[PDB]
Each structure stands twice: as structure tokens, then as C-alpha cells.
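Colleague: Okay, handing you the structure first.
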Amino acid sequence: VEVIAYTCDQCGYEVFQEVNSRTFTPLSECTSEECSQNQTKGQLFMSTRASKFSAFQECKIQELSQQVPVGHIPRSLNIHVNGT
Amino acid sequence: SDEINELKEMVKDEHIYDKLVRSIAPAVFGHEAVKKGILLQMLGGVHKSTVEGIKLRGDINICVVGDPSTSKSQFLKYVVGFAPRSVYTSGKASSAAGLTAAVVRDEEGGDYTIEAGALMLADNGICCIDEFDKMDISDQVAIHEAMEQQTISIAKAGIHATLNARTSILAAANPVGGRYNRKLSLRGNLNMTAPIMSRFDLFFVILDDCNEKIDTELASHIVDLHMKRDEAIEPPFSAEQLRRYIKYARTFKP
Amino acid sequence: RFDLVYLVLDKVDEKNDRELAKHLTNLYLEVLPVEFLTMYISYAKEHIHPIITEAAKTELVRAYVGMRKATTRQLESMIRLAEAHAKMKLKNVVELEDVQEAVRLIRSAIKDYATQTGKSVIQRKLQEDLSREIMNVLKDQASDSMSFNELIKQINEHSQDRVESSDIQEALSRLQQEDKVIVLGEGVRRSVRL
Amino acid sequence: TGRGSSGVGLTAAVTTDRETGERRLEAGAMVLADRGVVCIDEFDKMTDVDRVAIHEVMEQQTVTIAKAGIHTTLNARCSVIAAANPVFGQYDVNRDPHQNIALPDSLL
Amino acid sequence: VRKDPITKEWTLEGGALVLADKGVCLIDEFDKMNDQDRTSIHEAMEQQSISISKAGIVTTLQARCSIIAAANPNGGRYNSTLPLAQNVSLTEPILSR
Amino acid sequence: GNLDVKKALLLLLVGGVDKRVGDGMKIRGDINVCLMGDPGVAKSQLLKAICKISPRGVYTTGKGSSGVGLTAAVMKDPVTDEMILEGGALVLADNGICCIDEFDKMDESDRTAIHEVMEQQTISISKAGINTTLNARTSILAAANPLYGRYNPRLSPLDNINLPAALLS
Amino acid sequence: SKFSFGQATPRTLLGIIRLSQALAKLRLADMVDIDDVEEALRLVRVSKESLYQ
């Protein structure tokens with residue numbers, strides 16, 4: 001996820017936010033500009049098609065087993081992908 | 001009912017000893033000697049005994065030896081559907097469990113649990129088991145303990161156990177060559193050891209002959225059996241009205 | 001527990017092995033249905049359950065009384081395939097001539113046994129002479145002592161009709177049961193006394 | 001000392017969770033043997049399961065393992081020194097000089 | 001030594017003898033399993049009060065037990081005029097206790 | 001030397017469709033050659049060097065993917081989707097080279113494993129998870145090691161290979 | 001039971017057809033004939049009796 005779109009089906013103002021780390025939290029429903037500030041607030045929920053989504057894939061590396069010293073075993077490392 | 005009255009008429013007969021022995025099973029012909037034995041095994045005797053100590057024998061145990069693929073298999077097929085909750089085993093599985101009572105390994109939080117085996121479930125049951133020659137030597141003292149007194153004991157890798165499984169065995173082993181010697185004794189053709197013979201009663205050995213008359217009548221006796229429908233033989237008793245009859249017979253103490 | 005066996009045959013068989021080559025000469029270059037016979041049997045197994053009349057039993061006893069010239073294991077199964085062949089070729093009722101092909105297959109079944117387990121020809125002689133070689137030395141020897149070096153050098157060479165060690169070890173286990181002898185290792189023994 | 005538990009050339013996937021989220025293939029006995037020498041005793045007084053391990057490390061310089069985790073070819077330059085005893089006392093001269101221990105000839 | 005559950009320790013669970021202080025066992029002729037356990041009962045009398053240390057603690061319990069037995073000669077009672085070492089399958093030292 | 005045996009293999013590195021049978025007569029294809037003998041010329045890198053340049057021909061040995069893990073099975077995985085169908089060699093090296101060594105190793109599972117590929121089309125997982133069966137089209141190149149010392153040629157053969165029924169027929 | 005194995009199975013007969021078209025595949029000059037299969041039995045005789053030395 002990189003972008004968000006909550007719809008409340010009253011005002012249709014899709015609240016956007018930046019995507020942080022792998023855990024995040026949705027917000028409330030009385031925060032907008034039209035569907036808020038009255039005795040009736042549209043109850044928010046998500047949307048799929050209005051939310052652009054990226055690619056992601058995880059891999060791990062080791063060592064060549066020829067440049068390792070005489071001692072310890074080699075260890076791993078984490079790598080990510082973005083873009084294409 | 002009248003069926004409770006039916007016993008009171010049938011108990012007042014005279015030849016019902018011979019009526020019973022003729023009405024055992026249609027799968028055999030002749031040999032009234034073996035037929036008299038299996039009836040007495042089917043009923044129970046007495047078990048109440050002396051005060052403060054030994055419980056004596058509960059019953060009689062009778063085996064039959066003979067050549068295989070003969071009329072020996074028919075009684076075995078007869079009793080297991082006829083007796084109350086009587087079970088059948090071949091006893092070749094002599095090292096894992098079953099005949100030999102053998103504890104299971106730990107599973108789901110408990111080691112040393114009791115096991116099955118078609119021996120300790122012959123409560124009001126006449127268990128049947130064949131082919132004594134082909135097992136090992138270890139069970140041959142194990143069931144030898146299971147014969148004299150009606151309990152067995154085990155203390156294998158866990159606490160001692162005393163389970164009182166009163167039983168009534170019935171066997172059919174094989175001769176040493178398939179054909180029974182005649183001039184000799186059965187001491188050579190028993191193919192067991194000595195003390196389990198004396199621990200037992202007599203076997204009523206089935207003999208055979210290649211006679212030109214007995215074959216044709218046994219042929220005619222067998223062809224009406226596997227008829228789709230020729231039920232012309234009249235046993236004077238049913239399966240169930242014999243079954244309740246011995247259930248009237250058990251409840252005395254002569 | 002099985003009814004009838006068969007063995008396949010083999011020889012050099014030059015007229016037939018050449019013919020068997022002609023089969024595999026073919027099937028490489030360039031009604032036998034795949035479902036029609038399958039629905040033909042699966043209908044024909046449970047719908048008509050056929051009968052049995054006296055026309056079979058008269059010939060049936062005529063077979064076995066000459067056959068006696070197993071006992072009844074062969075008799076129970078011999079009608080079942082006789083029934084099923086009547087059930088196959090004529091999907092209505094019993095047949096009286098279906099039994100000549102019954103006796104056709106089982107006569108080929110007993111062709112496999114013309115030539116210990118179900119046989120006693122070696123067992124009418126092996127128990128006899130082994131019951132002789134005990135009574136002689138037990139009338140020579142005041143003791144019951146019989147060591148292992150004597151018995152190899154007594155009974156392996158009196159006659160060459162018995163195998164060396166394949167059946168002499170099992171020869172003594174029945175004498176262990178018949179109140180004669182005892183085992184004390186691969187050496188000294190202990191025999192019967194009066 | 002040649003006590004032949006499985007661990008003479010392997011790891012047996014001992015990780016101890018390494019503070020909640022780290023799994024480590026802990027070095028049994030080849031990180032010490034590298035460009036050095038070892039010595040083990042009592043070959044015939046062993047089970048089977050060590051003998052399959054000494055097969056691999058002699059035909060090949062490396063072990064590679066994937067027990068509940070990662071395939072990894074770690075290198076090793078080892079040189080064993082052996083010590084065993086004959087079986088039947090002083091029977092070497094009156095019989096064949098070969099088969100005198102009769103451990104598998106995969107190692108001999 | 002019955003093994004532990006998950007957060008437990010290798011504890012010590014007795015069998016027959018440590019229960020039976022003044023009782024009864026039986027050894028007649030379990031011929032196959034004779035060499036298995038006879039090396040554990042003839043050191044219950046000789047090394048009286050015996051206990052052991054397999055894979056655990058080295059302790060020693062106390063058991064002043066009594067043994068009776070009902071052995072069975074191979075066949076008849078007079079299988080020989082020859083003596084008792086010819087008759088039974090036991091050897092001397094376990095018999096001599 | 002040994003130009004005879006280097007010629008016996010190149011014919012099997014091309015294979016080809018045996019016969020387009022059309023009807024339900026799945027004929028045997030892809031014959032398998034086995035070797036035996038104990039040279040000191042390190043017989044392993046003779047055969048396996050061919051395998052590491054031949055197409056799709058996967059290397060194996062005695063340890064690791066034994067005859068139970070020669071096909072595919074279900075195992076443990078990380079915290080993601082467990083109980084996947086992890087394979088051995090024959091579920092991935094279909095229609096290629098199965099270059100085996102160490103034929104006396106893990107034979108309780110291997111002796112089943114060699115018959116089940118010499119038998120046409122029964123590479124399966126007959127477990128308690130599923131009863132699905134996949135294909136079998138791969139050639140076998142075996143090298144059995146002898147008994148102790150040398151194979152005695154004056155003695156009888158099959159003193160060191162333990163499968164009579166897999167060999168002579 | 002001295003040296004040799006096999007008792008001339010057709011499973012050996014079908015295999016000698018298999019390797020012939022294999023060697024007819026690699027050396028295809030469209031000449032499936034007596035000389036092509038003469039290359040084939042040339043190999044079965046030298047593979048066999050490798051023990052006779």
C-alpha cells in the first residue's frame with residue numbers, strides 16, 4: 001500500500017494519507033469538510049479500486065564460500081524490491 | 001407371553017438331549033462326538049467355589065485337531081455369529097500385541113496404558129483362535145498362565161496390573177504332517193509341549209477316509225446347502241429359540 | 001484359500017517364439033469397445049440373479065466320484081465359476097453344459113502338480129529310518145551320551161537320500177517333543193533311558 | 001575425544017530462538033577443524049550414524065545441511081587421525097591381514 | 001525413570017519391588033526373557049537394598065523384599081537321575097541365593 | 001580408454017518419442033543403463049561430470065533426498081503458507097537425467113523408489129494428504145559399488161547388488 | 001550359474017529396437033536399414049561379457 005481512500009458514502013470526500021510502516025490505523029468519520037460538522041456523519045470504510053498498490057518481494061543473501069575466512073559460518077541479510 | 005410359556009412346554013420334553021445335538025449346524029454331516037462337545041462349551045457350568053481362597057475353573061476348554069481344508073473350519077464359522085460377543089483371531093500377530101498382551105508407547109501425555117487384544121474381552125464370550133504351531137515360544141507360556149487361573153498379570157514398564165479376564169478358549173491347530181499317524185500315539189502329532197496338554201481336556205481328533213459311499217452322500221449334503229433355496233432340512237429349533245432356551249438353562253446351580 | 005492356480009509355461013519353442021516375434025514385428029508401424037462391454041457387465045451383475053436346477057447336480061456328482069478315484073474346498077468353488085459362466089454367456093437362467101468348461105479349467109489346474117508340505121512320500125521314509133538310527137547306538141552305548149562329531153559321521157553317509165544340514169536340524173526338534181533327547185549347544189546331548 | 005553423537009560435523013539446527021526472531025545454524029565441530037587437525041577414537045565401537053557423516057566430509061571438503069532451515073555450503077579443511085583396535089585379540093597373523101576390523105571399506 | 005512433561009524434570013518412578021516390602025514375585029521359566037531380568041533380581045538379595053543410576057540421579061532406595069518362586073523343570077519332575085544342574089536351566093549362583 | 005561406454009550414453013542423451021500410440025497403449029520408453037565395478041579413478045566425477053553439463057539432469061546422492069523424499073511430500077515451512085508440496089528430484093527432473101550414486105544407501109526407501117519410475121507413470125504421493133499421481137518420463141543412470149575389496153570375478157556375480165528382480169528382467 | 005545372466009526376454013528384444021531408432025535419430029540420413037541395426041547389435045555384444053576378462 002502507498003495510498004489510501006476511505007469513503008463514508010455521505011460526502012464522497014476520499015481522505016488520503018501517506019503510508020507508514022507495516023502497521024497502521026484507520027481514522028474516524030467526523031474529520032472531513034462536508035459530511036462532518038453536522039448531526040449526521042457518514043460512516044467511513046475503505047475502497048479497493050481507488051487505492052493504487054505496488055509490488056513487493058523479499059529475498060535473502062549468503063556469501064560466496066570462497067572469500068569467507070577460515071573461521072565462522074556466513075550469515076544472511078535482508079533485501080527488498082520496489083518499482084519494477 | 002406364550003414364548004415364556006413355550007419354554008415350559010419345551011422343558012417338559014424327553015429327547016431334547018438328542019434334539020439339540022441334531023440341530024447344531026447344517027454345515028457338517030455325521031460325527032456326533034464333536035457335536036456333543038461344542039454344545040457343552042456353548043453353555044456355562046459353575047464357577048462358585050471354596051471360601052477364602054482359590055476360585056476354581058469356570059468352564060471346560062476343548063480343542064479339535066485335524067487336517068486343514070476340511071470340516072474343521074465350519075464350527076469356527078458357526079460359533080462367532082452364534083455365541084454372545086465371541087471374537088475370532090488367527091494369532092499369527094504374536095509379537096506386536098493381541099494374543100500377547102503388550103503395552104503401548106506414550107501418546108498425547110500418557111505412557112503405560114492398557115491395550116486391546118481379543119483375550120481380555122471374552123467376558124460372557126467364547127473366544128476362538130487357531131494354528132498353535134506357527135507362533136513363537138514366548139506366548140506358549142503366556143496363554144499357559146491364562147489357562148489355569150482366570151486372571152493374567154502384567155508389570156511391564158509401569159505399575160503392576162491384575163486384570164481378571166475369565167475366559168473360555170477353543171482351538172484348532174495342525175498336525176505335524178497334515179496326515180494323522182495311526183500306529184503311533186498323539187504324543188508325536190500334538191506338536192506342542194507336554195504340560196499344556198495335561199492343562200487341557202481331550203481334543204476328539206477328526207479322522208478321514210477315501211470311501212466311495214461317504215463322498216456321494218456328502219456331495220448330496222453339500223449341494224442342497226448352496227442351493228439358492230432348498231430349505232428342506234428341519235432343525236427342530238430356531239437360532240433365537242435355542243438362544244433363549246440356554247438362557248433359561250444357565251440360571252441354576254445343580 | 002485360493003481355489004485354482006496356474007503357472008505360465010516357457011521353453012525354447014522355436015515355432016512359437018518366432019510367432020511371438022511376429023506380434024512385436026507388428027504394433028509399431030502406422031467389436032472391441034471401450035465402454036460398451038463395461039456397461040454390459042455392470043448392468044449384468046446385480047439385476048438377474050440366476051437359478052440352479054437338477055440338470056447340473058447329476059453331472060456334478062459324476063465328476064467328483066471319478067475325481068476321488070482337497071476334499072470339499074475344490075467342490076465349493078467349482079460351482080461358483082460354473083454359476084458365473086452360466087451368468088455370463090446366458091444372462092437368464094442356469095445351464096447344464098456350463099460344467100464341461102468348469103471341469104476344463106480345473107483339470108488344467110491339477111496339471112501343475114504332477115512333479116513335504118502337502119506331500120508325504122518323503123515323509124513316509126524320513127520318519128522311519130530316523131526312528132531306526134536311535135535304537136541301534138542306544139543298544140550299543142550304556143549311557144545316553146551322543147556328541148555332535150558322532151552324528152555327522154553316522155547319518156550323513158549311511159544313505160545319500162537325505163540332505164546334509166537343511167533337514168537334520170529340524171529332524172531333532174520333533175524328537176525334542178517326543179520324549180527322546182535334549183539340546184545342550186552345538187556339542188554334547190542327552191538321550192532316552194529305560 | 002571421538003564420542004560419536006550427531007554433531008561431529010554438523011549443527012543439528014540449534015538456534016535457541018536467539019532473542020525472539022533469529023535462527024542460527026550453530027557450528028558444531030568443523031569451525032575448529034579448519035586448517036587444523038582432529039583426532040577421534042573407537043571406530044568399531046560406534047553406531048551407524050556417525051559413519052555416514054565421515055563418508056561425506058572425506059570425499060568432499062564441505063558439509064551442506066538443511067535441517068529446518070537454510071541450505072548452506074560452509075567450507076572445511078580437515079585431516080583426521082584415527083585409532084582403532086582389532087576385534088579377536090591376537091588373530092592378525094593366522095587369518096587374512098585384511099578384513100581384520102571389517103568396518104566398511106568406504107573409509108579404507 | 002519416567003520422562004518429563006514440558007516444564008518438568010527427569011523424575012524417579014518405582015515399579016514392583018519398592019512397593020512390595022514383604023511380598024511375592026514370580027520367576028519360573030520365561031526362557032527368552034530369562035537373561036534379561038535375572039541380572040536384576042539376584043542383586044536384590046546379594047547387594048541387598050539395591051538401586052541404580054540410569055541417566056539421572058545416583059541414589060539408593062531401601063527394599064528389604066522377600067522372594068518366592070515356582071520354577072518348572074523342562075518336562076517331568078525327574079527328567080533325569082542326573083542332578084539338579086542337569087534338570088533346571090538355571091546356573092549355580094542365582095540358584096545359590 | 002573406455003570409448004565403448006562413452007558411446008553408450010550419447011544415444012540416451014537424445015531419447016525421442018518412442019511411438020505416438022494414439023490408443024490407450026502407453027508403451028515403455030527411455031531405457032536405463034547401470035554400471036558396476038570399483039576403479040580407483042574416482043568413478044563419481046566420471047559420471048556426475050556428464051550430468052552437470054547434460055540438460056535438466058539433476059545430481060543426487062545417497063544422503064538427503066532418499067527414496068521417500070525422492071518424490072514430493074508435505075513438510076514444515078515458515079510462518080507463511082505451510083504444508084506446501086516440497087519435492088525431491090523426480091517430481092522436478094521429469095524427462096531428463098536422474099544421475100544417482102551410492103546405491104547401497106537408504107535402500108529401505110530407495111528399492112521402492114527405483115521400481116516406481118521403471119514402472120511407467122506412478123510417481124505419486126500416496127499419503128494421508130492426497131492421492132494424486134503425476135508423470136514419469138526420466139532415464140536412470142546407476143553405479144553400484146561392490147562388496148568388500150574387489151568383486152571376485154571367480155566368485156558368483158550378484159554378490160554385491162541386492163536386487164535380482166530389478167536387474168535381470 | 002557360472003557367469004551369464006538373462007534368458008533372452010522380449011523385454012531385451014524391444015529395447016534393442018529402442019536404441020536403434022535412437023541411433024537412427026542422432027545419425028539421421030533416412031537410412032533405417034540392416035546396417036543401422038548392425039550398429040546396434042555391435043553395442044549389445046561389447047556391453048555383454050565385460051566380465052569374461
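Each chain of the C-alpha cells is named A, B, ... in the order shown, its residues numbered from 1; ligands are numbered from 1 in display order.
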List every residue of chain D that DSSP, applied to the backbone of this structure, assigns to strand (DSSP E or B), and report them as a short mmCIF file (atom, residue, chain, number, x, y, z; two decimals) with N, CA, C and O atoms, in the first residue's frame.
Modeller:
data_model
loop_
_atom_site.label_atom_id
_atom_site.label_comp_id
_atom_site.auth_asym_id
_atom_site.auth_seq_id
_atom_site.Cartn_x
_atom_site.Cartn_y
_atom_site.Cartn_z
N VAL D 63 30.47 -29.75 4.25
CA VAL D 63 29.16 -30.26 4.57
C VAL D 63 28.15 -29.22 4.11
O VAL D 63 28.46 -28.03 3.99
N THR D 64 26.95 -29.68 3.78
CA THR D 64 25.84 -28.81 3.43
C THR D 64 24.59 -29.43 4.02
O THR D 64 24.37 -30.64 3.86
N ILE D 65 23.80 -28.64 4.71
CA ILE D 65 22.72 -29.16 5.52
C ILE D 65 21.51 -28.24 5.38
O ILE D 65 21.65 -27.04 5.14
N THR D 72 23.21 -24.47 3.30
CA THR D 72 24.42 -23.66 3.33
C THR D 72 25.64 -24.55 3.18
O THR D 72 25.83 -25.51 3.94
N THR D 73 26.46 -24.24 2.19
CA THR D 73 27.72 -24.93 1.93
C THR D 73 28.83 -24.15 2.61
O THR D 73 29.34 -23.18 2.05
N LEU D 74 29.21 -24.57 3.81
CA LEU D 74 30.33 -23.96 4.50
C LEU D 74 31.56 -24.84 4.36
O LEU D 74 31.48 -26.07 4.39
#
Colleague: Using only C-alpha atoms, which residues sit within 12 Å of residue 105 (chain D) once same-chain residues fewer than 4 positions away are excluded, as an mmCIF file with N, CA, C and O atoms, in the first residue's frame?
Modeller:
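Contents of result17.cif, freshly written:
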data_model
loop_
_atom_site.group_PDB
_atom_site.id
_atom_site.type_symbol
_atom_site.label_atom_id
_atom_site.label_comp_id
_atom_site.auth_asym_id
_atom_site.auth_seq_id
_atom_site.Cartn_x
_atom_site.Cartn_y
_atom_site.Cartn_z
ATOM 1 N N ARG D 51 29.157 -42.912 10.961
ATOM 2 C CA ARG D 51 29.921 -43.396 9.822
ATOM 3 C C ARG D 51 29.427 -42.793 8.517
ATOM 4 O O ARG D 51 30.228 -42.561 7.605
ATOM 5 N N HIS D 55 31.791 -40.315 5.902
ATOM 6 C CA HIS D 55 31.828 -40.523 4.462
ATOM 7 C C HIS D 55 31.836 -39.206 3.704
ATOM 8 O O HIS D 55 32.670 -39.013 2.815
ATOM 9 N N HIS D 98 43.789 -58.444 5.803
ATOM 10 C CA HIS D 98 42.618 -57.636 5.518
ATOM 11 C C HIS D 98 41.418 -58.143 6.306
ATOM 12 O O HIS D 98 41.495 -59.133 7.033
ATOM 13 N N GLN D 99 40.313 -57.395 6.204
ATOM 14 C CA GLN D 99 39.051 -57.518 6.943
ATOM 15 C C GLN D 99 39.218 -57.622 8.464
ATOM 16 O O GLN D 99 38.253 -57.917 9.178
ATOM 17 N N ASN D 100 40.389 -57.243 8.981
ATOM 18 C CA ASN D 100 40.757 -57.561 10.351
ATOM 19 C C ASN D 100 39.995 -56.711 11.346
ATOM 20 O O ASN D 100 39.905 -57.064 12.526
ATOM 21 N N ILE D 101 39.449 -55.594 10.883
ATOM 22 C CA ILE D 101 38.475 -54.828 11.646
ATOM 23 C C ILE D 101 37.092 -54.892 11.018
ATOM 24 O O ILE D 101 36.091 -54.838 11.754
ATOM 25 N N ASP F 38 34.659 -51.298 -9.259
ATOM 26 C CA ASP F 38 35.322 -50.464 -8.260
ATOM 27 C C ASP F 38 36.689 -50.000 -8.745
ATOM 28 O O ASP F 38 37.722 -50.492 -8.270
ATOM 29 N N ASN F 145 28.231 -49.911 -6.164
ATOM 30 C CA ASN F 145 29.551 -50.212 -5.676
ATOM 31 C C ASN F 145 29.600 -51.661 -5.223
ATOM 32 O O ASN F 145 28.582 -52.200 -4.784
ATOM 33 N N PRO F 146 30.735 -52.323 -5.337
ATOM 34 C CA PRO F 146 30.785 -53.751 -4.999
ATOM 35 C C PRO F 146 30.770 -54.047 -3.505
ATOM 36 O O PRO F 146 30.500 -53.161 -2.687
ATOM 37 N N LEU F 147 31.036 -55.303 -3.130
ATOM 38 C CA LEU F 147 31.188 -55.692 -1.733
ATOM 39 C C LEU F 147 32.623 -55.360 -1.331
ATOM 40 O O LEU F 147 33.314 -54.640 -2.059
ATOM 41 N N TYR F 148 33.078 -55.863 -0.185
ATOM 42 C CA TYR F 148 34.368 -55.515 0.384
ATOM 43 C C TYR F 148 35.502 -55.920 -0.545
ATOM 44 O O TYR F 148 35.450 -56.956 -1.215
ATOM 45 N N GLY F 149 36.507 -55.051 -0.613
ATOM 46 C CA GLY F 149 37.626 -55.211 -1.517
ATOM 47 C C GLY F 149 37.216 -55.156 -2.970
ATOM 48 O O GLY F 149 36.529 -54.227 -3.403
ATOM 49 N N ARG F 150 37.605 -56.178 -3.722
ATOM 50 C CA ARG F 150 37.248 -56.252 -5.124
ATOM 51 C C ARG F 150 36.090 -57.213 -5.255
ATOM 52 O O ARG F 150 35.909 -58.107 -4.425
#
Colleague: I want to know what sits within 8 Å of region 249-253 of chain B, based on only C-alpha atoms, with residues of the same chain fewer than 5 positions away left out; could you give that as a short mmCIF file (atom, residue, chain, number, x, y, z; two decimals) with N, CA and C atoms, in the first residue's frame?
Modeller:
data_model
loop_
_atom_site.label_atom_id
_atom_site.label_comp_id
_atom_site.auth_asym_id
_atom_site.auth_seq_id
_atom_site.Cartn_x
_atom_site.Cartn_y
_atom_site.Cartn_z
N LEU B 43 -22.80 -73.68 26.46
CA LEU B 43 -23.35 -73.36 27.76
C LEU B 43 -22.23 -73.15 28.76
N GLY B 44 -22.58 -72.62 29.92
CA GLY B 44 -21.65 -72.45 31.01
C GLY B 44 -21.93 -73.45 32.11
N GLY B 45 -20.94 -73.66 32.98
CA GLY B 45 -21.11 -74.58 34.09
C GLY B 45 -21.31 -73.90 35.42
N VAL B 46 -20.47 -74.22 36.40
CA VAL B 46 -20.44 -73.50 37.67
C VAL B 46 -19.07 -72.85 37.83
#
Colleague: Quick one: residues within 9 Å of residue 98 (chain F), only C-alpha atoms, excluding same-chain residues fewer than 5 positions away - as number ranges by chain?
Modeller: F: 51, 57-60, 89-90, 93, 138-142
Colleague: Restricting the calculation to only C-alpha atoms: of D:76, D:54, D:67, D:94, which residue gets closest to residue 32 (chain D)?
Modeller: D:76
Colleague: Based on only C-alpha atoms, which of the residues in chain C come within 10 Å of chain F? I want them as a short mmCIF file (atom, residue, chain, number, x, y, z; two decimals) with N, CA, C and O atoms, in the first residue's frame.
Modeller:
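And here's iface.cif as it stands now:
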data_model
loop_
_atom_site.label_atom_id
_atom_site.label_comp_id
_atom_site.auth_asym_id
_atom_site.auth_seq_id
_atom_site.Cartn_x
_atom_site.Cartn_y
_atom_site.Cartn_z
N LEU C 27 2.52 -53.93 -34.49
CA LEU C 27 2.18 -52.96 -33.45
C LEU C 27 3.26 -51.90 -33.23
O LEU C 27 3.41 -51.36 -32.13
N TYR C 28 3.98 -51.58 -34.26
CA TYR C 28 4.83 -50.41 -34.25
C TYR C 28 4.56 -49.51 -35.44
O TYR C 28 4.58 -48.28 -35.30
N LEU C 29 4.27 -50.08 -36.60
CA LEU C 29 4.04 -49.31 -37.80
C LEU C 29 2.66 -48.67 -37.79
O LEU C 29 1.75 -49.13 -37.08
N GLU C 30 2.52 -47.60 -38.57
CA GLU C 30 1.28 -46.82 -38.75
C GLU C 30 0.67 -46.31 -37.45
O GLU C 30 1.39 -45.93 -36.53
N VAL C 34 -14.76 -49.83 -25.67
CA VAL C 34 -14.02 -49.29 -24.53
C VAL C 34 -14.97 -49.00 -23.38
O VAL C 34 -14.56 -48.98 -22.22
#
Colleague: Give me, as a PyMOL selection string, all polymer residues having an atom no more than 10 Å from region 14-31 of chain A, counting only C-alpha atoms and skipping those fewer than 3 positions away in the same chain.
Modeller: chain A and resi 1-9+11+34-38+40-47+50-51
Colleague: I'd like the neighbourhood of region 50-54 of chain E as number ranges by chain, where a residue qualifies if any of its atoms comes within 10 Å (using only C-alpha atoms), though same-chain residues fewer than 4 positions away should be ignored.
Modeller: E: 1, 18, 40-41, 43-46, 58-64
Colleague: Give as JSON, numbers by chain every residue of chain E that touches chain C within 10 Å, counting only C-alpha atoms.
Modeller: {"E": [74, 75, 79, 80, 86]}
Colleague: What are the closest atom pairs, with distances in Å to one decimal, for each residue of region 36-103 of chain B lying within 12 Å of region 103-121 of chain C, using only C-alpha atoms, rows by chain and rising residue number, as a tab-separated table?
Modeller:
residue	atom	partner	partner_atom	distance
B:67	CA	C:118	CA	10.3
B:68	CA	C:118	CA	10.3
B:69	CA	C:118	CA	11.5
Colleague: Would you output that residue set with C-alpha atoms, as a PDB file, in the first residue's frame?
Modeller:
ATOM      1  CA  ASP B  67      -6.294 -81.912   8.595  1.00  0.00           C
ATOM      2  CA  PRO B  68      -6.912 -78.391   7.242  1.00  0.00           C
ATOM      3  CA  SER B  69      -9.342 -77.527   4.448  1.00  0.00           C
TER       4      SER B  69
END
Colleague: Would you mind listing what lies within 12 Å of residue 38 (chain G) as a list in words, with only C-alpha atoms counted and same-chain residues fewer than 2 positions away left out?
Modeller: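 Skipping anything fewer than 2 positions along the chain leaves residues 16, 17, 19, 20, 21, 23, 24, 32, 33, 34, 35, 36, 40, 41, 42, 43, 44 and 45 of chain G.
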Colleague: Store the residues picked out above, limited to C-alpha atoms, as a compact mmCIF listing (two decimals), in the first residue's frame.
Modeller:
# COMPACT_ATOMS: atom_id res chain seq x y z
CA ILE G 16 17.22 -53.31 -28.96
CA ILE G 17 14.57 -51.74 -31.17
CA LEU G 19 18.25 -47.84 -29.10
CA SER G 20 18.36 -48.48 -32.85
CA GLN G 21 15.90 -45.72 -33.69
CA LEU G 23 20.95 -44.08 -33.04
CA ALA G 24 18.88 -43.63 -36.19
CA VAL G 32 16.78 -47.22 -41.35
CA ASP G 33 18.14 -50.49 -42.71
CA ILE G 34 20.22 -53.56 -41.92
CA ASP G 35 23.44 -51.55 -41.43
CA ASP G 36 21.84 -49.14 -38.96
CA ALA G 40 23.00 -51.64 -32.59
CA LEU G 41 23.92 -55.30 -32.04
CA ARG G 42 27.51 -54.10 -32.24
CA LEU G 43 26.88 -52.44 -28.87
CA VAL G 44 24.99 -55.25 -27.11
CA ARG G 45 27.80 -57.73 -27.69
Colleague: Report the distance between CA of residue 166 (chain F) and CA of residue 11 (chain G) in Å, rounded to one decimal place.
Modeller: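 Straight-line distance from CA of residue 166 (chain F) to CA of residue 11 (chain G) works out to 12.7 Å.
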Colleague: Please build the interface table for chain G against chain F with a cut-off of 8 Å, listing for each qualifying residue the nearest atom pair and the distance in Å to one decimal; count only C-alpha atoms, order rows by chain and increasing number, and write it as a tab-separated table.
Modeller:
residue	atom	partner	partner_atom	distance
G:1	CA	F:156	CA	7.6
G:2	CA	F:156	CA	6.5
G:3	CA	F:156	CA	7.1
G:5	CA	F:168	CA	6.7
G:6	CA	F:168	CA	5.6
G:9	CA	F:169	CA	7.2
G:11	CA	F:169	CA	7.1
G:15	CA	F:31	CA	7.2
G:18	CA	F:18	CA	7.3
G:19	CA	F:11	CA	7.2
G:22	CA	F:11	CA	6.0
G:23	CA	F:11	CA	5.9
G:25	CA	F:16	CA	7.8
G:26	CA	F:11	CA	7.2
G:43	CA	F:8	CA	7.6
G:46	CA	F:4	CA	7.7
G:47	CA	F:4	CA	7.9
G:51	CA	F:153	CA	7.1
Colleague: Tell me, which residues of region 88-159 of chain F carry DSSP helix (DSSP H, G or I), written as a ChimeraX atom specification?
Modeller: /F:107-118
Colleague: One number please: CA of residue 90 (chain C) to CA of residue 102 (chain C), in Å, one decimal.
Modeller: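 Straight-line distance from CA of residue 90 (chain C) to CA of residue 102 (chain C) works out to 15.3 Å.
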